[PDB]
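For reference, the structure is listed below as structure tokens.
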């Protein structure tokens, strides 16, 4: 399920048809619903605004859907010549804007090169550069109340632990090496280093 | 002026904007420091990985 | 389950997901620091190249290559903050001392 939103220019009034390209399955309802392709769901666009676009998501099952824009006739019916038709996947998110799901010239054969170009773009715009920059991302001190993302560095018991989980972690102690890196502090050499003690005299069971 | 459309150059900008605006995808192109843990000779390390 | 016309979808979001998810294309879109080692004059440092200088880390931001220009001058380099509070390992781990075999 996704509530597509957006505005479409140069068309005060029209229809937007979404038509599936494969079989979609809704297993939520007891009799597993089977949305079949070729049947076009029509939504209104009024005053250049996507009125209410609620469509089942297709990213999970990776099913393509054709979005087409038509002018409305005298009886407000979609004249079939599609002013703008294309294929896209509805993401499994609460809301997506019609802008992002718009056709692109990047075919598979031209894939890697495109990414290459993207690199310099991200390297040029300072906003994108800071939005994507890899860094320790200082956070202050560790606390279990708030979550932590990848790369974020916290302080715990005098030690510095950098989160290394791709997923958010909450109430995970920094000492756990499976989710935190814990950079080890560099040691000076030409400094007095006599600092021992805590003579506890273990019993070979430590 | 002449007619210029230049959609192919707009495509790269659009995709870069989408990647930057999404934290999940932005994480996977983040930057050089990739934490891994304590060093061990039995594992394979990629460019930027931190030990 | 599946679609016959699987080659028709190029919708920016999909391409963004494809480029991010693939390790090779993700590595191509990297930017970021490029480690090179201790700073020295002769070495030509390109954009994003990151060096160590006087105990700090400096990433070059000059879009043009630079030579002999010190990492301290902020016109072409910028420092990578660490912000380490209440440090633990400073001198105790450095003791060792060379004596003691059996006693």
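Each reported figure results from applying straightforward, stated rules to the coordinates on display, with no laboratory input. Please note: Cβ atoms are built from the backbone with ideal geometry, for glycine as well, and neighbour counts cover all protein chains shown.
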Report summary line: quick shape note, chain B: Cα extents on principal axes in Å, largest first -> 62, 19, 13
Query raised in the report: Extent of the protein assembly as shown along each principal axis, from alpha carbon coordinates, in Å, largest to smallest?
Result: 100, 61, 36
Query raised in the report: Shielding of A:176-185 by partners, i.e. mean partner chain Cβ atoms within 10 Å per residue?
Result: 3
Requested in this report: Rounded to the nearest 10 degrees, what's the angle between the helix A:111-124 long axis and the longest principal axis of chain A, both from Cα atoms, 0 to 90?
Outcome: 60 degrees
**Report entry** Full-extension gain in nm, residue C:80 to residue C:61, via 0.36 nm per residue minus C-alpha separation
**Finding:** 5.7 nm
Report summary line: In Å, the Kirkwood hydrodynamic radius from C-alpha pairs for the range A:4-111 sits at 14.9 Å
Query - For the range A:84-206: Kirkwood Rh in Å [reciprocal of mean 1/r, alpha carbons] - result: 19.8 Å
Report summary line: Rounded to one decimal in nm, the spacing of the 7 Å Cα→Cβ label points at residue B:40 and residue A:27 is 3.6 nm
Query raised in the report: In nanometres, what is the gap between the two model label sites at residue A:109 and residue A:171, each 7 Å from Cα along Cα-to-Cβ?
Result: 5.5 nm
Query - Burial order of peptide ranges A:186-198, A:95-107, A:137-149, A:4-16 (average beta-carbon count within 10 Å, highest first) - result: A:95-107, A:4-16, A:137-149, A:186-198
Query raised in the report: Measuring from centroid to centroid over Cα atoms, what is the spacing of the range C:5-31 and the range B:1-30 in Å?
Result: 11 Å
Query raised in the report: Taking each residue of B:3-10 in turn, how many C-beta atoms of other protein chains fall within 10 Å of its C-beta, and what is the average?
Result: 2
Requested in this report: Using only the alpha carbons of chain A, determine the length spanned along each of the three principal axes and report them from longest to shortest in whole angstroms.
Outcome: 92, 49, 35
Report summary line: The alpha-carbon center of the range C:37-99 and that of the range A:77-119 are separated, in whole Å, by 43 Å
Query raised in the report: Roughly how many nanometres apart are two label points built 7 Å out from the Cα toward the Cβ at residue A:130 and residue C:101?
Result: 6.2 nm
Report summary line: Relative to chain B, whose Cα atoms define the longest principal axis, helix B:7-21 and its Cα axis are tilted in degrees, nearest 10, by 40 degrees
Report summary line: Mean separation of Cα contacts under 8 Å (at least 6 apart) over the residue count of the range C:1-89, i.e. the relative contact order in percent, is 18 percent
